[PDB]
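Next up: just one chain, as structure tokens, the form deposited in one PDB entry.
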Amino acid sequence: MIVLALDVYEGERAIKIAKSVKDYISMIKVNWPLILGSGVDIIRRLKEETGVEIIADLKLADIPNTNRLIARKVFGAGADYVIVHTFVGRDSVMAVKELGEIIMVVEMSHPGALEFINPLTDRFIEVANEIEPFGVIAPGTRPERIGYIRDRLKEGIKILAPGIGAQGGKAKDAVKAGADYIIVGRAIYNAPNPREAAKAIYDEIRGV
């Protein structure tokens, strides 16, 4: 269930960390920091070095034409999934979905998410239900909201929850609430021993 969020700038550093924790993860999530620091080709290299699927957390939020230009390049680089915002509207979301599997942001994990996003959660779930993306982003920092979303989201849609570890969210609470994937970044990549850190979360989720 663990999704490693590799938010370091250095590509070889990312590959080293990924290889050391590969045994305990399900997927790797890359964001702009690593792409900016190593080039988009880092996606293909991570997949070849680890054998796991790659999620490109781009938080796409532009007009349809630009979302298309971006997504085609990133899916072309090997991304298995692309995360897109829902607030920019249906047309921008579809421009990306036409190119590959997507994950729609429903509710974010940080404090600022309560200002405009959280108040529209119901509406976003409605859009996700009609579009039917591979999954949606729910707040690992607010497990009660993960349940809220799960209860209203079509069964076939998965829930991925970031905000575990550094942001304060507990892996066990998120899984119990209905998260299918547990996104973990700093708690693993900033740990003195990333493998030991990943194993601890892996054990927590197994309930041992």
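Note that residue numbering begins at 1 and tracks the sequence as displayed. Here, rigid core means the biggest group of C-alpha atoms that superpose within 1.5 Å across both forms.
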| item | value |
| --- | --- |
| Of 55 to 63 and 154 to 162, the stretch whose C-alpha atoms average the higher B-factor in the entry | 154 to 162 |
| Residue range whose averaged C-alpha B-factor is higher in the record, 141 to 149 or 27 to 35 | 141 to 149 |
| Out of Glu130, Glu107, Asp91, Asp80, residue topping the C-alpha B-factor column of the entry | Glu130 |
| Selection by C-alpha B-factor (highest) of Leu120, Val74, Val84, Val136 | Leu120 |
| Assigned third (lowest, middle, highest) for the C-alpha B factor of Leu4 | lowest |
| Cα B factor band for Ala191 (lowest, middle or highest third within the chain) | highest |
| Assigned third (lowest, middle, highest) for the C-alpha B factor of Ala14 | lowest |
| CA B-factor ranking of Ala197, expressed as a third of its chain | highest |
| Third assignment of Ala174 from its chain's C-alpha B-factors | middle |
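Keep in mind that the form deposited in another entry is not shown, yet the notes after this line are about it.
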item: Shift of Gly169 between the shown form and the other one at or above 2 Å (CA, core fit); value: yes
item: Core-aligned CA displacement of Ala113 at least 2 Å between the shown form and the other one; value: yes
item: Sense of CA distance change between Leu58 and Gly168 in the other form, threshold 3 Å; value: farther
item: Closer or farther in the other form, the Cα atoms of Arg145 and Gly168, when the shift from this form is 3 Å or more; value: farther
